[PDB]
Structure formats: C-alpha cells, structure tokens
Amino acid sequence: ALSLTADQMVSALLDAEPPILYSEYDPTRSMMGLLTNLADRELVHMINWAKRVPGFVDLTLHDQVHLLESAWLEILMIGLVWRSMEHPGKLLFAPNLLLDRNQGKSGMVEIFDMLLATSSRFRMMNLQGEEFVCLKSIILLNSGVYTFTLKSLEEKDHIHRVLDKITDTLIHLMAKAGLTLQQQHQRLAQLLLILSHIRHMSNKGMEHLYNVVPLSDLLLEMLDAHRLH
Amino acid sequence: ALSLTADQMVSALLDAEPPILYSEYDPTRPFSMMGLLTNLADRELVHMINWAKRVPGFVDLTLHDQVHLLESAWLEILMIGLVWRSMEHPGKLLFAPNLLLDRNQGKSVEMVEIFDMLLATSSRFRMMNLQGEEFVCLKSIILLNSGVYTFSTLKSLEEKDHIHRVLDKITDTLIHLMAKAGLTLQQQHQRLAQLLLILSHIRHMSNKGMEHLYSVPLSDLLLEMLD
Ligand SMILES: Oc1ccc2c(c1)CC[C@H](c1ccccc1)[C@@H]2c1ccc(OCCN2CCCC2)cc1
Ligand SMILES: Oc1ccc2c(c1)CC[C@H](c1ccccc1)[C@@H]2c1ccc(OCCN2CCCC2)cc1
C-alpha cells in the first residue's frame, strides 16, 4: 500500500473506478425520487470502490464506516461534476438523465448551480482522469480524518501516510505532463482548494436530505462482508 | 501585489494581523456564554475588514466582490484565528485571553459539537507544528478562495483571474517558507497538501456554525464597513 509507485497508484485507482449507472425510469413514458434511487444504487458500488483504494482496507471496520459516512456525498458530487465536464450548463446524473439548471429549479437549484460552477472550474483547469481519481481518493481518506486511543493514533497516521503518497502521485502526474516545479505546487493547490467547495456543497446537500436504519449501519453491513463469495 | 516577493508577502501579511480582543464581561462579578461569544465575534469582524483590506490584491477587487468574499469566509476566518491562538492550550479554546474554555464549558446551550471540531483542528495544528508565517498565508487563502466559486460578465472573469493569480502567489510563498525551513521538495508538496486539506475541515466547521446561527443582512453591514 505504502510501497506502491506513482504509476502503480494511478493504475490501481483507475481500475477501481465504479461504473456509470442509469436512472431507473421508462424512456417510453418525480426528479428527487430519480436522483435518490440513483444515489442509493451508486452507494453500493462506492463501497466496492472504496475497498479497492490502496490502504483503505488496512483500516478497522469502524474507521472505514466513519470515513465513508463523512465523504459519501462529496464522492457522489465530484463524480457527477466529473461526468458533466463536457456538458456545459448541464449535469449528467446519468446518460439517460441530463438536466439543465431550469430543470433542477422545480428547494435546491442552489446546489445545482454550485455543482455546475464546479464543473466549469474543472473544465477551465482541464482536469485529467488520473487527477480526478486522485482527488476522489483524497476526499475518502481526508473528509472524516479530523472527526474520529493508541489504535486511533496508528489509524490516523496510516491515513495521513497514504494521503502523502497520493500527493506525491499528483505531483508526478504534473511533472510528467511537463509542468515546471512552480506550476506543479500551484496546480496542486488549485485542485485541493476545490475540495473545500465540494465539502461546502455536501454540507448544503445534507442540510436538504435531513424511521430508517442509520447510514452508519447500512455502511457497516455493506463493508463487513464475509469471504464466502 | 503580484509583484511582491515571498518574504514581502509574509511581512505584509504579518503586519496586517488583527489584534486579539477581550471578552466584554466584568471579572469582578460571578459567571450567558453565547452572548459573550457573539459580542466578541462582532467586534472582531470590524477589525477583520481592516485586515482584509490589507491582504495583497483584495482592494484591487470591486466592492461587490469584496463583500461576496468576506460574506463567504468571515466565519472560517474567525475560526482559524481561534484555533491558532488555542494551539498552545490543549483541550481548551482561547476565545479571548480572559475567556478560556474547556469542552465541558461548551455544553452551555443546545455548540459542544462545534467545540470538539475546533479542538480537533487545534490539535492537528499542534501536531503539524504550524508556524505563524504559514498561519497568515492560510487565512489569506480562505479569504480569497472560499467565495470564488460562487460568483459570467467580462468584469467577473477578470476578477476571478486576479484572485486565482494572487492565490498562486500565496502558494509560492508557502513553498518558499517550507524550503527555507529545510524541507526537501517532497516534504514541501506534502506539507502544502496537508495544510490545504485542513481548510476543508474549517469550511465544514463554518457550515455547521452557520446552521447554528441561522436558527439586517450581513452583506449590507459588510458593504457599509468596506466602503
Ligand atoms: O451521482 C449523483 C446522484 C444523485 C445526486 C447527486 C450525484 C449529486 C447530489 C444530488 C442531490 C439532490 C438532492 C439533495 C442533495 C443532493 C443527487 C442526490 C440525491 C439524493 C441523495 O441522497 C439519497 C439518500 N440516500 C440515503 C443513503 C445514501 C443516500 C444524494 C445525492
Ligand atoms: O474568534 C471567534 C469569536 C467567536 C466565535 C468563534 C471565533 C468561533 C465560532 C464561535 C461559534 C460558537 C457557536 C456557534 C457558531 C460559532 C464563536 C462565534 C459565535 C457567534 C458568531 O456569530 C455572531 C453573529 N454576528 C452577526 C454578524 C457577524 C456575526 C460567530 C462566531
């Protein structure tokens, strides 16, 4: 995990990429319901992706749950934003569900505009796929690391070590891209600062989503899988 | 501002530093916490505007954009200042030199949630051995970055460009401070990343804090003070 190279980190992350799911509705024939159903089906695939992120399965089950519980919406959003890059003014929730801002207006066209603005920023920066997977992995490991005993000290230290490896990977990606050393840390800073805005969008999103099993135990169930398959 | 060297950026930032204010309560009478915190924050905000106008490149922006940036960042700025002066006080938050509270004093009203988050941030700074030169850079970054994604006119395009160019200068400054600290190129980029990722948590704390306060528009008060 901590012994991988930069290119091995990239190859591991890309291969771990979840598939693009479709909205469940009749194309031969309500928006929140569609987005909710889409989000829930994506969460299942997100857990599989998370377990394939180098260093994540090295953590305790409790800490895995905590990290995903903190980051799951940010992860959905940055994925959505990535999907929507070459669709200006629109959000590609699914290949059969492409929406403009005046569609999402029918009470949160607010985060719609915020997601669009993020996509435009990624389009302005010419974000690459190898950079995207790095950023998404960073969100997974970092979003909940500040909100967690001897075990916790080792866990947090391990997390920060993996984050450092991803940072080195990002630098390597930009160094190979021909960027000067100054352009490297500048682009690094620009990419990470965007994560603060994605955190912001998640907060506003969760403010809207807020009997049912608490999300932690659902995450617990999907993460704590046996070895019989 | 874009012509400033790294050391000139630091000295300018350090000079622009706001004063540490005191809680307005009488120490001679016995010991409402939120009121004390609210009063302190409002007095700090006035000084924050002075600090903001002395951050390189900020006055180069339109009044409207200055208001937008501050309205988005003001709570984050108050918070990172809080955890900075609380860094040498483990398990406690130094709101003011005469107002030092532990986490049990946080249960005042149905806020200890934000308290623990602030405490956790201060311990993270303490473990990283955050330097004063780094602190002022990060705080300036919050000011310029927090609201830059929530502004399409020709004017606004030039505004966003300038902001991102100043942000780059702060990034250059941070690396220069780490390189002058004796850190290798690998460690420089790693520490840069660690510091900026903390800002995501500060944004998080701000949002949680705003949710508390939400339960005379600020832009008008900011506009009044900025002009
Ligand atoms: O690729 C994606 C699929 C669906 C979405 C998004 C990305 C971006 C946020 C959207 C959003 C809409 C309204 C409010 C907040 C965010 C929507 C979305 C809809 C519903 C959601 O929550 C469903 C509840 N469900 C319970 C456990 C996990 C989620 C999350 C995201
Ligand atoms: O150095 C500082 C002085 C005071 C504070 C803080 C830092 C960190 C946040 C604190 C907080 C406690 C509970 C909930 C949210 C935040 C408290 C604080 C209290 C009240 C505040 O809001 C006052 C309202 N006022 C109207 C216009 C501007 C603020 C801001 C910050």
Side-chain angles (χ1 to χ4, degrees), chain A residues 70-71 74 89 113-118 120-121 124-125 138-139 141-148 153 156-157 160-161 163-172 174-175 181-207 210, chain B residues 72-73 76 113 116-124 127-128 137 141-142 144-152 157 160-161 164 167-168 170-172 174-176 178-179 185-208 210-211 214:
Chain A
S70 171
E74 301 180 58
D113 294 333
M114 290 197 292
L115 289 166
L116 288 173
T118 308
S120 299
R121 175 66 173 154
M124 168 75 64
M125 296 192 63
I138 287 176
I139 293 179
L141 299 170
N142 176 79
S143 298
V145 77
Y146 312 110
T147 47
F148 272 30
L153 295 174
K156 287 195 281 197
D157 178 81
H160 287 300
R161 286 209 218 138
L163 285 167
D164 289 348
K165 253 304 190 305
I166 304 182
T167 296
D168 296 342
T169 296
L170 275 174
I171 295 295
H172 174 86
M174 300 176 295
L181 288 179
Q182 180 160 341
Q183 289 177 322
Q184 287 172 24
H185 57 60
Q186 279 184 2
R187 183 173 177 90
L188 173 62
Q190 295 160 3
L191 291 179
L192 297 179
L193 282 180
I194 296 176
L195 299 187
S196 289
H197 181 252
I198 290 178
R199 179 81 72 110
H200 181 62
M201 292 191 296
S202 176
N203 293 328
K204 305 306 294 180
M206 282 181 190
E207 193 172 349
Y210 195 82
Chain B
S72 177
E76 296 179 77
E113 294 176 350
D116 296 335
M117 286 183 181
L118 291 167
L119 284 177
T121 308
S122 186
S123 67
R124 175 58 176 168
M127 291 173 184
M128 291 192 62
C137 285
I141 287 175
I142 292 184
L144 295 169
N145 177 79
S146 300
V148 78
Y149 310 108
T150 55
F151 276 142
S152 67
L157 290 175
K160 294 185 190 65
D161 177 78
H164 283 119
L167 282 169
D168 290 339
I170 307 182
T171 294
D172 301 347
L174 274 175
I175 293 294
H176 178 259
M178 300 173 188
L185 270 62
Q186 192 192 5
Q187 305 171 296
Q188 293 169 30
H189 306 325
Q190 289 179 354
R191 182 173 177 87
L192 174 59
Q194 294 166 352
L195 288 178
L196 296 179
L197 283 178
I198 294 178
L199 297 184
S200 291
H201 182 56
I202 288 160
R203 179 83 72 112
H204 184 67
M205 294 191 296
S206 177
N207 292 143
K208 290 293 185 175
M210 288 297 311
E211 284 166 32
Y214 216 272

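We use all heavy atoms of the structure for the numbers below, so side chains are in, but hydrogens, waters and symmetry mates are not. Throughout, a chain's letter reflects where its sequence line sits, starting with A, and its residues are numbered from 1.
- Residue A:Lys156 holds its NZ atom at 5.5 Å from CE of B:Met127, rounded to the nearest 0.5 Å.
- The line from CD of B:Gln190 to CG of A:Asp168 is 4.5 Å long, rounded to the nearest 0.5 Å.
- For B:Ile175, the part sitting under 4.5 Å from any heavy atom of chain A is the side chain, from C-beta outward, and nothing else.
- We find the CG-CG distance between A:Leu195 and B:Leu196 to be 9.5 Å, quoted to the nearest 0.5 Å.
- The closest side-chain heavy-atom distance from B:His201 to A:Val145 is not below 4.5 Å.
- Summarising the geometry, atom CE belonging to A:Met201 is positioned 11.5 Å from atom OG1 belonging to B:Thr150; distances are rounded to the nearest 0.5 Å.
- Per-residue counts of heavy-atom pairs under 4.5 Å with chain B were compared for A:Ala117, A:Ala189, A:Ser202; the largest is that of A:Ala189.
- Per-residue counts of heavy-atom pairs under 4.5 Å with chain A were compared for B:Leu185, B:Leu195, B:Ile198; the largest is that of B:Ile198.
- For the 3.5 Å distance criterion, the side chains of B:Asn207 and A:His200 qualify, holding a donor opposite an acceptor.
- The two residues B:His189 and A:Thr167 make their nearest non-hydrogen contact at O-CG2, 3.6 Å.
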Problem set entry | side-chain contact (heavy atoms from CB on, under 4.5 Å) assessment of A:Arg121 paired with B:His164 | CA-CA 12 Å; A:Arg121 175 66 173 154; B:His164 283 119; 3.4 Å; yes
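- A:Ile198 is not listed as a side-chain neighbour of B:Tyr149, based on a closest heavy-atom distance of 4.5 Å or more.
- Residues B:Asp168 and A:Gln190 have side chains that bring a donor and an acceptor to within less than 3.5 angstrom of each other.
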